[PDB]
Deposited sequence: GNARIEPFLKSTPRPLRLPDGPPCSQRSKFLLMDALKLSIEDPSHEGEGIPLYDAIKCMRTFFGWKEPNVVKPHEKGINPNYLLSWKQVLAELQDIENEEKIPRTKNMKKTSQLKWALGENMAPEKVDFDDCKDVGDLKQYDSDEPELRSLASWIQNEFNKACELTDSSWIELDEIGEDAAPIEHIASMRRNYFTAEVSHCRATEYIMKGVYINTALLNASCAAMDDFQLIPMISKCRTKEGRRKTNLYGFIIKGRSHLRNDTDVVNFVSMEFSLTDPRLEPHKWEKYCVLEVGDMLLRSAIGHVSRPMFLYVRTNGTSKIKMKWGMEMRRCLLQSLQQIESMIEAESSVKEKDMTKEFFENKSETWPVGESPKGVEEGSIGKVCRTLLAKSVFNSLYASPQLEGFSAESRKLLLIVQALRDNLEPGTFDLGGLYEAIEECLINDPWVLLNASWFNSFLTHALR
């Protein structure tokens, strides 16, 4: 009966492991330098495509942190990358000096819904100008797949291969793979770990992208829940003073100026560096390495809808579904947007996983069925649900969405 009660408070703030809509890439095309494919070599080549660096300064301090240490840490990254450029053979990995600023940074309340998380979600459903996965990316079948399964997979893949949520998947798979590997290969080192992704342009050109860096702390991970701390340093064109509540956990630096094409001609815009301390565990990195399953889970939700239509119509409805041939339209606007919306929710469930999300998802689905039953044919459950509406942006956004469902 009642709409869910969302908490009052200061706006919720960003809590993802890496930047989403605000990320910025320095990229190299068709890379062919010596040692191409080694993360550190790619990172340096990406860094050297940019000529607008300048003396960095704090433009949005971290209110609870030691801001001079975040500044020192970024200047240390740049200095140590220069040292690598001066060694004859670029090494495969780079362990940072255990400076005072890095030792500090590596560790050696009700919130209301803010509009930024819905905007993040809209951004994640969008198409980009690049493809982020191969044609046979989805699935892990041992045997060749049937004709109908293949047809459905190829339809779906064409709709999500360029999706921004798919960039987040591959970004997430790469950085969790590299951090989990470093956590056992270099347990005592403050290893510098580039944040990289790869894509293919519309013209078919292979591109390598640098988002920033993380520096990992000491990582003797004896069990799945042991934490390795890290410091993330991420490029962005987003000025943090426009939405400061989003950036509560970050110290934000201004590190350069970038020349850009736009709807005017060339414009110069400042480049920022978003810095925060963070942590993760073996179990979370293993999930991060599995983010490609978001593609399979969302494909299966689509296949479920096709199999429903195919049972009512005693025929395979794959083509009629994906070509939008009984329904006379698509509420989201197009079949492609249905696919990408399903994918973005799966991805955000992974990016923003939490016990609040798990609690809200089960208990709200119970209230859901009850309210349809009362709708079609005509307490303390509310406490279970609203116990999960504390401060998590994604859970709060889903609660807001649920209330749109109650109104309609």
item: Deposited positions without coordinates, collected into consecutive stretches in sequence order; value: 1-12, 121-146, 364-371, 425-431, 462-464
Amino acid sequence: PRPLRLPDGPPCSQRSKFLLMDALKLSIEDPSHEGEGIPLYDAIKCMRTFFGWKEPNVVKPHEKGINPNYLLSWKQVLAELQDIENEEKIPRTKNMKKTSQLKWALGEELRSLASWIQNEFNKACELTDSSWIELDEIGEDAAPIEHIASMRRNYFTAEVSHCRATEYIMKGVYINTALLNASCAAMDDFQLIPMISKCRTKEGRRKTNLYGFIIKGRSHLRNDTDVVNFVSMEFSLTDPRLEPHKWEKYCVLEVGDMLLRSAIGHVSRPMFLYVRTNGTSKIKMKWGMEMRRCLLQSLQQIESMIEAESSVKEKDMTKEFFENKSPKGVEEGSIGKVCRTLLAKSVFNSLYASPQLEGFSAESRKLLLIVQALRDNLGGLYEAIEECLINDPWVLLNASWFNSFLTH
From here on, numbers count along this sequence of modelled residues.
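Think of the rigid core as the biggest set of C-alphas that the two forms share within 1.5 Å after superposition.
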item	value
Between stretches 117-125 and 85-93, more displaced by Cα RMS in 8 other deposited structures of this protein (rigid core superposition)	85-93
Unmodelled residue 33 in at least one third of other entries with both flanks present	yes
Mean temperature factor over C-alpha atoms, higher-scoring stretch between 123-131 and 169-177	123-131
Higher-B stretch (mean Cα B-factor, as the entry records it), 22-30 or 65-73	22-30
Maximum C-alpha temperature factor, selected from 245, 261, 152, 198	261
Of the residues 328, 98, 164, 249, the one carrying the largest Cα B-factor as recorded	328
Relative C-alpha B-factor of residue 80, binned into the chain's lowest, middle or highest third	middle
Chain-relative CA temperature factor third for residue 60	lowest
For residue 374, the third of its chain into which the C-alpha B factor falls	highest
Relative C-alpha B-factor of residue 136, binned into the chain's lowest, middle or highest third	highest
Relative C-alpha B-factor of residue 347, binned into the chain's lowest, middle or highest third	lowest
